[PDB]
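K.L.:
Data file input_9.txt (compact mmCIF, C-alpha atoms and all ligand atoms) is appended below.
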```
# COMPACT_ATOMS: atom_id res chain seq x y z
CA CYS A 1 -23.00 -1.01 40.12
CA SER A 2 -21.94 2.57 39.12
CA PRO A 3 -18.15 3.20 38.59
CA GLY A 4 -17.86 6.64 40.31
CA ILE A 5 -19.11 5.34 43.68
CA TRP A 6 -16.77 5.09 46.67
CA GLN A 7 -17.31 4.40 50.32
CA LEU A 8 -15.24 6.08 52.96
CA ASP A 9 -14.89 5.04 56.67
CA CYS A 10 -12.56 5.30 59.52
CA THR A 11 -11.29 2.19 61.83
CA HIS A 12 -9.21 2.55 64.97
CA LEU A 13 -6.30 0.25 65.61
CA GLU A 14 -3.54 0.79 68.15
CA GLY A 15 -5.27 4.04 69.26
CA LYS A 16 -4.71 5.45 65.78
CA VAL A 17 -7.11 6.21 62.93
CA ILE A 18 -7.28 4.51 59.53
CA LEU A 19 -9.23 6.17 56.76
CA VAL A 20 -10.43 3.50 54.30
CA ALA A 21 -11.85 4.31 50.79
CA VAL A 22 -13.42 1.36 48.89
CA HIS A 23 -14.26 1.58 45.22
CA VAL A 24 -17.63 -0.14 45.36
CA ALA A 25 -18.01 -1.61 41.87
CA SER A 26 -14.46 -3.11 42.15
CA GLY A 27 -13.40 -3.71 45.82
CA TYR A 28 -10.20 -1.64 45.30
CA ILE A 29 -8.94 0.12 48.38
CA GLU A 30 -7.01 3.26 49.22
CA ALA A 31 -6.20 3.83 52.88
CA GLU A 32 -4.23 6.14 55.07
CA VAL A 33 -3.38 6.37 58.73
CA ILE A 34 -4.53 9.76 60.03
CA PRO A 35 -3.57 11.16 63.47
CA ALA A 36 -7.14 12.17 64.37
CA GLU A 37 -10.63 11.74 62.94
CA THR A 38 -11.21 15.41 61.83
CA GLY A 39 -13.00 17.11 58.91
CA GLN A 40 -9.57 18.45 57.92
CA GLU A 41 -8.18 14.96 57.32
CA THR A 42 -11.27 13.74 55.52
CA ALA A 43 -11.40 16.85 53.24
CA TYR A 44 -7.77 16.39 52.37
CA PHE A 45 -8.10 12.69 51.72
CA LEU A 46 -11.06 13.36 49.45
CA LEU A 47 -9.08 15.89 47.37
CA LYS A 48 -6.30 13.33 47.03
CA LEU A 49 -8.72 10.56 46.04
CA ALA A 50 -10.59 12.78 43.50
CA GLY A 51 -7.26 13.77 41.73
CA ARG A 52 -6.60 10.15 41.18
CA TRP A 53 -9.92 8.58 40.15
CA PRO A 54 -13.21 9.74 38.66
CA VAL A 55 -15.14 10.17 41.95
CA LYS A 56 -18.85 11.17 41.49
CA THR A 57 -20.44 10.21 44.76
CA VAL A 58 -19.11 9.05 48.17
CA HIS A 59 -21.04 6.99 50.77
CA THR A 60 -20.21 6.46 54.37
CA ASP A 61 -21.46 4.49 57.34
CA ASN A 62 -21.23 7.55 59.47
CA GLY A 63 -23.02 10.49 57.86
CA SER A 64 -21.92 12.96 60.52
CA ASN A 65 -18.43 12.37 59.07
CA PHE A 66 -19.49 14.61 56.23
CA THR A 67 -21.25 17.49 57.89
CA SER A 68 -18.38 19.98 58.31
CA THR A 69 -18.20 22.84 55.84
CA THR A 70 -14.53 21.87 55.64
CA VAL A 71 -15.60 18.53 54.02
CA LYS A 72 -18.46 20.09 52.04
CA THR A 73 -15.94 22.54 50.54
CA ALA A 74 -13.62 19.75 49.36
CA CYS A 75 -16.66 17.89 47.76
CA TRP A 76 -17.84 21.27 46.20
CA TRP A 77 -14.40 21.92 44.75
CA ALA A 78 -13.81 18.46 43.36
CA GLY A 79 -17.43 18.16 42.20
CA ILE A 80 -18.35 15.18 44.42
CA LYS A 81 -21.95 14.41 45.59
CA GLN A 82 -22.98 12.55 48.74
CA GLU A 83 -25.18 9.32 48.60
CA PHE A 84 -28.97 8.99 47.78
CA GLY A 85 -29.76 5.34 48.83
CA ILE A 86 -28.07 2.59 50.93
CA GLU A 87 -18.59 -5.57 53.00
CA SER A 88 -17.19 -4.79 55.35
CA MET A 89 -13.99 -5.33 53.36
CA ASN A 90 -12.72 -3.42 56.35
CA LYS A 91 -12.91 -6.86 57.91
CA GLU A 92 -10.37 -8.68 55.76
CA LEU A 93 -8.17 -5.59 55.45
CA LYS A 94 -8.13 -5.72 59.24
CA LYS A 95 -7.34 -9.46 58.90
CA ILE A 96 -4.45 -8.72 56.49
CA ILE A 97 -3.08 -5.93 58.79
CA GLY A 98 -2.72 -8.29 61.88
CA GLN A 99 -1.14 -10.88 59.47
CA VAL A 100 1.62 -8.49 58.23
CA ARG A 101 1.95 -6.44 61.41
CA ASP A 102 5.20 -8.24 62.44
CA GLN A 103 6.68 -7.45 58.99
CA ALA A 104 6.79 -3.71 59.95
CA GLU A 105 7.48 -1.32 62.79
CA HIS A 106 4.61 1.20 62.22
CA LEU A 107 0.90 0.64 61.80
CA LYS A 108 0.99 2.97 58.81
CA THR A 109 3.44 0.73 57.01
CA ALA A 110 1.38 -2.45 57.86
CA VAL A 111 -1.71 -0.67 56.47
CA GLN A 112 -0.02 0.03 53.12
CA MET A 113 1.29 -3.53 52.92
CA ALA A 114 -2.22 -4.71 53.58
CA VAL A 115 -3.69 -2.40 50.91
CA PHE A 116 -0.99 -3.77 48.53
CA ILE A 117 -1.85 -7.36 49.34
CA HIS A 118 -5.56 -6.71 49.14
CA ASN A 119 -5.52 -4.87 45.77
CA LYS A 120 -3.34 -7.49 44.08
CA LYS A 121 -4.83 -10.85 45.34
CA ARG A 122 -6.81 -12.51 42.48
CA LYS A 123 -10.31 -13.46 43.58
CA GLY A 124 -11.08 -16.78 41.82
CA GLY A 125 -10.75 -14.24 38.08
CA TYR A 126 -9.21 -10.74 38.30
CA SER A 127 -7.72 -8.76 41.23
CA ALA A 128 -9.40 -5.65 42.71
CA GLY A 129 -6.50 -3.62 41.06
CA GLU A 130 -7.30 -5.20 37.69
CA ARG A 131 -11.08 -4.85 38.14
CA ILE A 132 -10.90 -1.09 38.99
CA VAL A 133 -8.87 -0.29 35.90
CA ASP A 134 -11.04 -2.47 33.67
CA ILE A 135 -14.29 -1.01 35.07
CA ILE A 136 -13.02 2.54 34.59
CA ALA A 137 -11.58 1.84 31.08
CA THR A 138 -14.69 -0.21 30.01
CA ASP A 139 -16.68 2.91 31.02
CA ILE A 140 -14.57 5.38 28.94
CA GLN A 141 -14.03 4.14 25.35
CA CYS B 1 7.08 3.29 26.44
CA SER B 2 6.67 0.55 29.14
CA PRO B 3 3.56 0.79 31.46
CA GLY B 4 5.22 -0.13 34.81
CA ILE B 5 7.70 2.77 34.66
CA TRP B 6 7.44 5.69 37.08
CA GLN B 7 9.69 8.59 37.89
CA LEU B 8 9.97 9.95 41.37
CA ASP B 9 11.46 13.36 42.43
CA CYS B 10 11.26 15.85 45.15
CA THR B 11 10.68 19.86 44.64
CA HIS B 12 10.87 22.43 47.42
CA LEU B 13 8.30 25.16 47.66
CA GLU B 14 7.67 27.37 50.68
CA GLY B 15 10.53 25.59 52.53
CA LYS B 16 8.56 22.35 52.31
CA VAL B 17 9.09 19.17 50.29
CA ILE B 18 6.89 17.81 47.50
CA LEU B 19 7.35 14.24 46.40
CA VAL B 20 6.21 13.88 42.77
CA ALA B 21 5.61 10.48 41.03
CA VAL B 22 5.00 10.61 37.24
CA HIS B 23 3.70 7.62 35.34
CA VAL B 24 5.96 7.92 32.32
CA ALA B 25 3.94 6.28 29.54
CA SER B 26 0.89 8.42 30.55
CA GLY B 27 1.91 11.71 32.31
CA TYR B 28 -0.34 10.87 35.31
CA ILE B 29 0.85 12.27 38.61
CA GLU B 30 0.64 11.36 42.27
CA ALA B 31 2.18 13.82 44.71
CA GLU B 32 2.47 14.41 48.40
CA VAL B 33 3.88 17.10 50.63
CA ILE B 34 6.43 15.52 52.97
CA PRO B 35 7.95 17.32 56.00
CA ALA B 36 11.53 16.33 55.13
CA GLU B 37 13.38 14.64 52.29
CA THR B 38 14.23 11.31 54.09
CA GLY B 39 14.50 7.65 53.05
CA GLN B 40 11.61 7.02 55.46
CA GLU B 41 9.23 9.23 53.48
CA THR B 42 10.34 7.89 50.12
CA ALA B 43 10.03 4.22 51.27
CA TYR B 44 6.57 4.89 52.56
CA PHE B 45 5.47 6.74 49.47
CA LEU B 46 6.73 3.88 47.32
CA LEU B 47 4.71 1.30 49.31
CA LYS B 48 1.63 3.48 48.87
CA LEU B 49 2.24 3.90 45.14
CA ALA B 50 2.91 0.15 44.57
CA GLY B 51 -0.41 -0.84 46.34
CA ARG B 52 -2.22 1.29 43.90
CA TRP B 53 -0.60 0.67 40.50
CA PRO B 54 1.48 -2.03 38.86
CA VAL B 55 4.94 -0.50 39.54
CA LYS B 56 7.88 -2.49 38.01
CA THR B 57 10.68 0.02 37.87
CA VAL B 58 11.20 3.56 39.26
CA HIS B 59 13.58 6.22 37.87
CA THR B 60 14.77 9.35 39.51
CA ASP B 61 16.85 12.40 38.71
CA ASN B 62 18.68 11.99 41.95
CA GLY B 63 20.01 8.46 42.35
CA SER B 64 21.28 9.05 45.87
CA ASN B 65 17.57 9.35 46.75
CA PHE B 66 17.45 5.59 46.52
CA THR B 67 20.54 4.43 48.32
CA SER B 68 19.19 3.90 51.86
CA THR B 69 18.47 0.34 52.91
CA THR B 70 15.19 1.82 54.16
CA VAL B 71 14.23 2.54 50.49
CA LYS B 72 15.83 -0.66 49.16
CA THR B 73 13.68 -2.63 51.64
CA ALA B 74 10.44 -1.02 50.42
CA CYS B 75 11.44 -1.79 46.72
CA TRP B 76 12.44 -5.40 47.80
CA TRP B 77 9.11 -5.92 49.53
CA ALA B 78 6.93 -4.50 46.78
CA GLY B 79 9.06 -6.13 44.07
CA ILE B 80 10.20 -2.87 42.41
CA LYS B 81 13.47 -2.52 40.39
CA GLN B 82 15.51 0.64 39.86
CA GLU B 83 16.29 2.04 36.29
CA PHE B 84 18.73 0.63 33.62
CA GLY B 85 18.93 3.53 31.04
CA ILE B 86 18.01 7.26 30.93
CA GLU B 87 9.45 16.61 31.25
CA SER B 88 9.85 18.16 33.61
CA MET B 89 6.09 17.96 34.11
CA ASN B 90 7.26 19.20 37.48
CA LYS B 91 7.33 22.48 35.60
CA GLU B 92 3.65 22.83 34.77
CA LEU B 93 2.58 21.20 38.05
CA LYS B 94 4.60 23.99 39.63
CA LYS B 95 2.77 26.39 37.26
CA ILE B 96 -0.64 24.99 38.32
CA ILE B 97 0.32 25.19 42.07
CA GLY B 98 1.09 29.02 41.94
CA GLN B 99 -2.20 29.41 39.91
CA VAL B 100 -4.40 27.73 42.59
CA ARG B 101 -2.34 28.76 45.62
CA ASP B 102 -4.83 31.55 46.59
CA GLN B 103 -7.68 28.99 46.46
CA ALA B 104 -6.22 27.28 49.59
CA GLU B 105 -4.55 27.94 52.91
CA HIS B 106 -1.91 25.12 52.88
CA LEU B 107 0.63 24.17 50.25
CA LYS B 108 -0.45 20.56 50.65
CA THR B 109 -3.99 21.40 49.62
CA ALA B 110 -2.76 23.49 46.59
CA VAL B 111 -0.61 20.51 45.56
CA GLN B 112 -3.59 18.13 45.52
CA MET B 113 -5.72 20.65 43.63
CA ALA B 114 -2.90 20.93 41.14
CA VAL B 115 -2.58 17.13 40.81
CA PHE B 116 -6.40 17.07 40.28
CA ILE B 117 -6.25 19.73 37.60
CA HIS B 118 -3.26 18.15 35.94
CA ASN B 119 -4.65 14.58 35.80
CA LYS B 120 -8.02 15.67 34.40
CA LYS B 121 -7.06 18.34 31.74
CA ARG B 122 -7.53 16.83 28.22
CA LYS B 123 -4.42 17.27 26.09
CA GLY B 124 -5.70 17.96 22.54
CA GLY B 125 -7.33 13.74 22.90
CA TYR B 126 -7.45 12.05 26.33
CA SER B 127 -6.48 13.26 29.84
CA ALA B 128 -3.49 11.85 31.77
CA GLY B 129 -6.13 10.15 34.10
CA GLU B 130 -7.79 8.56 31.06
CA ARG B 131 -4.46 7.62 29.42
CA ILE B 132 -3.11 5.84 32.57
CA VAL B 133 -6.19 3.68 32.91
CA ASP B 134 -6.31 2.91 29.19
CA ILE B 135 -2.57 2.07 29.05
CA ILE B 136 -2.87 -0.22 32.06
CA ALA B 137 -6.13 -1.87 30.83
CA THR B 138 -4.83 -2.15 27.19
CA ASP B 139 -1.85 -4.00 28.75
CA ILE B 140 -3.99 -6.50 30.77
CA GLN B 141 -6.73 -8.11 28.62
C1 LIG A 201 10.71 2.55 60.25
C2 LIG A 201 11.32 1.61 59.23
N1 LIG A 201 12.64 1.51 59.29
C3 LIG A 201 13.31 0.72 58.45
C4 LIG A 201 14.79 0.64 58.58
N2 LIG A 201 15.70 1.21 57.75
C5 LIG A 201 16.93 0.88 58.17
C6 LIG A 201 18.23 1.18 57.71
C7 LIG A 201 19.33 0.66 58.41
CL1 LIG A 201 21.02 0.97 57.91
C8 LIG A 201 19.14 -0.14 59.55
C9 LIG A 201 17.85 -0.42 59.99
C10 LIG A 201 16.75 0.09 59.30
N3 LIG A 201 15.43 -0.04 59.52
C11 LIG A 201 12.65 -0.04 57.49
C12 LIG A 201 13.42 -0.96 56.56
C13 LIG A 201 11.28 0.04 57.40
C14 LIG A 201 10.52 -0.74 56.38
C15 LIG A 201 9.80 -1.86 56.80
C16 LIG A 201 9.08 -2.60 55.84
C17 LIG A 201 9.05 -2.24 54.46
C18 LIG A 201 9.74 -1.09 54.07
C19 LIG A 201 10.50 -0.35 55.02
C20 LIG A 201 10.61 0.89 58.27
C21 LIG A 201 9.13 1.02 58.14
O1 LIG A 201 8.79 2.43 58.15
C22 LIG A 201 8.75 3.21 56.93
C23 LIG A 201 10.16 3.61 56.58
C24 LIG A 201 8.18 2.42 55.77
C25 LIG A 201 7.95 4.50 57.15
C26 LIG A 201 8.35 0.27 59.21
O2 LIG A 201 7.29 0.81 59.67
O3 LIG A 201 8.81 -0.86 59.57
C1 LIG A 202 -7.44 24.51 56.33
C2 LIG A 202 -8.73 24.56 55.56
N1 LIG A 202 -9.77 25.03 56.24
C3 LIG A 202 -10.98 25.12 55.68
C4 LIG A 202 -12.10 25.67 56.50
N2 LIG A 202 -13.11 24.95 57.04
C5 LIG A 202 -13.94 25.80 57.67
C6 LIG A 202 -15.14 25.64 58.40
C7 LIG A 202 -15.76 26.78 58.94
CL1 LIG A 202 -17.28 26.68 59.88
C8 LIG A 202 -15.21 28.05 58.77
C9 LIG A 202 -14.02 28.20 58.04
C10 LIG A 202 -13.40 27.07 57.50
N3 LIG A 202 -12.27 26.95 56.78
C11 LIG A 202 -11.20 24.74 54.36
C12 LIG A 202 -12.57 24.89 53.73
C13 LIG A 202 -10.14 24.26 53.62
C14 LIG A 202 -10.32 23.83 52.20
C15 LIG A 202 -9.83 24.66 51.19
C16 LIG A 202 -9.99 24.26 49.85
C17 LIG A 202 -10.62 23.03 49.49
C18 LIG A 202 -11.07 22.20 50.52
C19 LIG A 202 -10.94 22.60 51.88
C20 LIG A 202 -8.91 24.14 54.23
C21 LIG A 202 -7.78 23.57 53.46
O1 LIG A 202 -7.11 22.57 54.28
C22 LIG A 202 -7.54 21.18 54.28
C23 LIG A 202 -8.74 21.05 55.18
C24 LIG A 202 -7.95 20.71 52.90
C25 LIG A 202 -6.44 20.28 54.85
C26 LIG A 202 -6.77 24.60 52.96
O2 LIG A 202 -5.54 24.29 52.96
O3 LIG A 202 -7.25 25.71 52.57
```
In structure tokens, what does this structure look like?
Ligand SMILES: Cc1nc(-c2nc3cc(Cl)ccc3[nH]2)c(C)c(-c2ccccc2)c1[C@H](OC(C)(C)C)C(=O)O
Ligand SMILES: Cc1nc(-c2nc3cc(Cl)ccc3[nH]2)c(C)c(-c2ccccc2)c1[C@H](OC(C)(C)C)C(=O)O
P.N.:
Amino acid sequence: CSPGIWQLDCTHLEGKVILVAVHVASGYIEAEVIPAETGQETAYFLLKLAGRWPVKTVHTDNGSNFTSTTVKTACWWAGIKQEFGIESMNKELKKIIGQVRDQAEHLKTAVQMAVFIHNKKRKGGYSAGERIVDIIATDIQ
Amino acid sequence: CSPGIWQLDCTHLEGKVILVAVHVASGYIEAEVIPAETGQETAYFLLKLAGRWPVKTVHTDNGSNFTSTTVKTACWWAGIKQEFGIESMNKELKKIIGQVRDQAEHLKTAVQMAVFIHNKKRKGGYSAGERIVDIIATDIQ
């Protein structure tokens, strides 16, 4: 599968919102607790993500997530396209959160601990952290 | 230079705080506008950074930044060490911000645009985004 493809979705936990980006070819996650599910937050998160990785196209399970001109502007500026055709790893991330949730006071901290655990964990075999970097390097030179 | 080494500092701009992490071997930046320069923010940012990259040791230009047990806990949990001996790229990032600052309403958005521009820009020669991934892949298998 193509190396510039990400998937972006929100989950709710403790009445708060978690934005979850999955790098599809690799399983690597970035995530962030946002105070509300707005186009503002999604636009911002997209700019952050695009500064960090080569992001060509973004899929979602909720297309209306992407309809605001606020979001369309971010994609425009960073040069991102939306999907043309078409786990959950939200599941196990949500498993890992509940697991570490005692280890921290705020949800946001548990989230980051869970992203840490998820991206490092060897599946086998490489880790999602190792696979992303390999995929993206393999695809450069 | 060693691939797990990052440098973390804050700058102030428009009475707000920008936390800037530089991957030293590569020049790659992650950055974030934080509302105040606390141990809470730095601890959190460190957890985020460590979930994303292999982070062994972190340097700073302001050692007191790292003295809180709040920060020491984050490093403890993620397995990070502080420095044992020892651009600014804060300079040009601050150049890029002023450059794009019209292109956006908030500082935080200008920051991310500037991180995007900085990480992509080919120096020559690869980009900081390409060098980080190469360095980290080169160092794996
Ligand atoms: C609020 C908070 N306060 C403290 C904390 N720092 C302390 C310093 C002292 Cl002296 C006493 C008690 C203290 N408790 C700590 C040590 C953490 C922390 C927990 C796990 C890993 C890293 C840091 C958090 C943490 O929140 C962040 C800072 C990461 C945003 C959380 O959600 O649990
Ligand atoms: C506050 C804000 N509002 C709008 C905006 N969205 C609109 C939608 C409509 Cl219908 C009309 C005017 C609009 N203005 C936009 C389009 C942006 C934006 C600017 C550059 C790139 C991506 C998005 C921002 C932006 O803030 C973030 C959303 C990125 C946090 C900023 O700081 O300039």
K.L.:
When the cut-off is 9 Å and you count all atoms listed in the file, which residues lie near ligand LIG 202 (chain A), shown as a PyMOL selection string?
P.N.:
(chain A and resi 39-47+68-78) or (chain B and resi 102-110+112-113)
K.L.:
Store the residues picked out above, limited to C-alpha atoms, as a short mmCIF file (atom, residue, chain, number, x, y, z; two decimals), keeping the file's coordinate frame.
P.N.:
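File again.cif, as written:
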```
data_model
loop_
_atom_site.label_atom_id
_atom_site.label_comp_id
_atom_site.auth_asym_id
_atom_site.auth_seq_id
_atom_site.Cartn_x
_atom_site.Cartn_y
_atom_site.Cartn_z
CA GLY A 39 -13.00 17.11 58.91
CA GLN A 40 -9.57 18.45 57.92
CA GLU A 41 -8.18 14.96 57.32
CA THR A 42 -11.27 13.74 55.52
CA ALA A 43 -11.40 16.85 53.24
CA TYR A 44 -7.77 16.39 52.37
CA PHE A 45 -8.10 12.69 51.72
CA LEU A 46 -11.06 13.36 49.45
CA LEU A 47 -9.08 15.89 47.37
CA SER A 68 -18.38 19.98 58.31
CA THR A 69 -18.20 22.84 55.84
CA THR A 70 -14.53 21.87 55.64
CA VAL A 71 -15.60 18.53 54.02
CA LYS A 72 -18.46 20.09 52.04
CA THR A 73 -15.94 22.54 50.54
CA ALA A 74 -13.62 19.75 49.36
CA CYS A 75 -16.66 17.89 47.76
CA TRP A 76 -17.84 21.27 46.20
CA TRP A 77 -14.40 21.92 44.75
CA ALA A 78 -13.81 18.46 43.36
CA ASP B 102 -4.83 31.55 46.59
CA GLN B 103 -7.68 28.99 46.46
CA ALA B 104 -6.22 27.28 49.59
CA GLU B 105 -4.55 27.94 52.91
CA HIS B 106 -1.91 25.12 52.88
CA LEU B 107 0.63 24.17 50.25
CA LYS B 108 -0.45 20.56 50.65
CA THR B 109 -3.99 21.40 49.62
CA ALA B 110 -2.76 23.49 46.59
CA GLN B 112 -3.59 18.13 45.52
CA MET B 113 -5.72 20.65 43.63
#
```
K.L.:
Tell me, counting only C-alpha atoms, for each residue of chain B within 6 Å of chain A, which pair of atoms is nearest and how far apart they are in Å to one decimal, in rows ordered by chain and increasing number, as a Markdown table.
P.N.:
```
| residue | atom | partner | partner_atom | distance |
| --- | --- | --- | --- | --- |
| B:48 | CA | A:112 | CA | 5.7 |
| B:51 | CA | A:116 | CA | 3.7 |
| B:112 | CA | A:48 | CA | 5.7 |
| B:115 | CA | A:51 | CA | 5.8 |
| B:116 | CA | A:51 | CA | 3.7 |
| B:133 | CA | A:133 | CA | 5.6 |
| B:134 | CA | A:137 | CA | 5.7 |
| B:137 | CA | A:134 | CA | 5.7 |
```
K.L.:
Which protein, DNA or RNA residues are at most 7 Å from (12.4, -1.1, 40.0) in the file's coordinates when you count all atoms listed in the file, listed as a PyMOL selection string?
P.N.:
chain B and resi 56-58+75+80-83
K.L.:
Looking at only C-alpha atoms and all ligand atoms, which of A:23, A:101, A:59, A:12 is the one that sits closest to ligand LIG 201 (chain A)?
P.N.:
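Among the listed residues, the smallest separation from ligand LIG 201 (chain A) belongs to A:101.
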K.L.:
Of the candidates A:88, A:33, A:11, A:20, which shows the shortest atom-to-atom distance to ligand LIG 201 (chain A), using all atoms listed in the file?
P.N.:
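Ranked by minimum distance to ligand LIG 201 (chain A), first place goes to A:33.
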